[PDB]
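These notes are about the structure you will find just below.
Heads up, the Cβs are rebuilt from the backbone with ideal geometry, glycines too, and the neighbour counts pull from every protein chain shown. No lab work stands behind these numbers, since they all come straight from the coordinates.
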Amino acid sequence: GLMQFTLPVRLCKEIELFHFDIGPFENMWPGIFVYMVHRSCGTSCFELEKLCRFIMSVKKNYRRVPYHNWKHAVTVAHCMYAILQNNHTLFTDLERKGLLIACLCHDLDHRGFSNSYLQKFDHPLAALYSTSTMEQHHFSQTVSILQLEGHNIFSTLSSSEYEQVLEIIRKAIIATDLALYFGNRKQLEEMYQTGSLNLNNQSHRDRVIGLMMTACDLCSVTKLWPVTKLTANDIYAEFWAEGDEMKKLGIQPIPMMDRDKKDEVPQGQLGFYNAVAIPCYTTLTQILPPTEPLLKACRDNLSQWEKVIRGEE
Ligand SMILES: O=c1[nH]c2ccccc2c2nccn12
Ligand SMILES: [Mg+2]
Ligand SMILES: [Zn+2]
């Protein structure tokens, strides 16, 4: 009960910032995550022995893929920690608990392929889940690990709190399906602007939690330029592998996923920042003003990609 986690001074300070990079030392990531739970949630939320066993089973069920890996899980959990810490009183005990676990679990057992490639391949997961295929699988994997013996970190909750937290986590994980982002942000935009947004309306809270999940999941675009640029290589390493597997099925991949069209990467980043990232953080900042630093950093990185095309780097 009296066992705190402490980070070194640089990490203790930089971890509160949105643009924090968790570093190349895999063995520190579990401790970084426990640190964030204790400060975000309390040292009482979870039984440390159960939490540590949950975390190491989650780590084990992420694959060695270039991007959709254990490092991404923890990066996304840190972005959610930063949002929750900058919006202290807006979220319930249950929500703070649920959302950090949802982030850690959001991409469990990812293979580095889009929902589209699973459909074109005719993967068994595509027969069992027709939409948000991987996302329904990630939530399924989460429930499996929670049911391993000694792994039920939620065991002190009541029957009803337990169903609530697993509903928060299910919705949170489904919302990381980017195909659902576009309609969700558009509805939030309308509700903010026509002034009907209501945080006490649970259908509204769900949408706002969904946008936070998209914001955390894309948070590679909100880092300092050198982190953003190097993470983009891992992202495109998966896109090009999927493109290779599309060509093997007898289908030209879209140019973003074709490794013969690397030249077109900078313009593909522009489209993605304008079409997805900037609108995501704009709406998020309108609803939760203390998340403005994510919008500022995203803008800085858009400007950095424009410089890449003007040959300035
Ligand atoms: O160019 C990019 N950059 C990204 C950066 C972070 C997360 C998703 C993406 C992405 N999805 C499609 C294209 N994309
Ligand atoms: Mg995902
Ligand atoms: Zn993700």
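Only residues in region 88-110 that are free of Cβ contacts under 8 Å to residues at least 12 places away in the same chain and at negative phi count as the first member; pair them with residues that are more than 11 Å from ligand 3 (Cβ to nearest atom) and part of a helix (DSSP H, G or I), Cβ under 7 angstrom, at least 6 apart or cross-chain, and list the lot.
What qualifies is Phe91/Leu84.
Let me confirm something: among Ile254, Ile235, which residue is touching a residue at least 24 places away in the same chain (Cβ under 8 Å) and of a type outside the set (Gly, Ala, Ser)?
On the way: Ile254 fails: touching a residue at least 24 places away in the same chain (Cβ under 8 Å).
After ruling out the rest, the residue left standing is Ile235.
Given the residues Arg111, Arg39, which is the only one that is charged (D, E, K, R), surrounded by fewer than 17 Cβ atoms within 10 Å (Cβ to Cβ) and within 16 Å of ligand 3 (Cβ to nearest atom)? Outline the logic, then answer.
On the way: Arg39 fails: within 16 Å of ligand 3 (Cβ to nearest atom).
Among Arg111, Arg39, only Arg111 is charged (D, E, K, R), surrounded by fewer than 17 Cβ atoms within 10 Å (Cβ to Cβ) and within 16 Å of ligand 3 (Cβ to nearest atom).
So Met80 fits all but one of (1) within 28 Å of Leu157 (Cβ to Cβ); (2) out of contact with any helix residue (DSSP H, G or I) (no Cβ under 9 Å at 6 or more places or on another chain); what number is the exception?
(2)
Give just the number: which of (1) among the polar types (S, T, N, Q); (2) within 22 Å of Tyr67 (Cβ to Cβ); (3) surrounded by 15 or more Cβ atoms within 10 Å (Cβ to Cβ) does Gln286 not satisfy?
Single failed check for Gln286: (2).
Looking at this structure, is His106 buried (at least 16 other Cβ atoms within 10 Å of the Cβ) and more than 16 Å from ligand 3 (Cβ to nearest atom)?
Details: buried (at least 16 other Cβ atoms within 10 Å of the Cβ): yes; more than 16 Å from ligand 3 (Cβ to nearest atom): no.
In short, no.
In region 210-238, which residue that is of a type in the set (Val, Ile, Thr) and more than 16 Å from ligand 2 (Cβ to nearest atom) is farthest from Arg259 (Cα to Cα)?
Restricting attention to region 210-238, the residues satisfying the condition of being of a type in the set (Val, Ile, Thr) are 214, 221-222, 227-228, 231, 235.
Within this subset, residues satisfying the condition of being more than 16 Å from ligand 2 (Cβ to nearest atom) are 222, 227-228.
Numbers: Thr222: 25, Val227: 22, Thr228: 20 Å.
By that ranking, first place goes to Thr222.
When you scan region 31-112 for helices (runs of 4 or more DSSP H) that lie fully inside it, which ones turn up with 1 or more residues that are closer than 15 Å to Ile15 by Cβ and more than 16 Å from ligand 1 (Cβ to nearest atom)?
The qualifying helices (runs of 4 or more DSSP H) are 70-86, 93-105.
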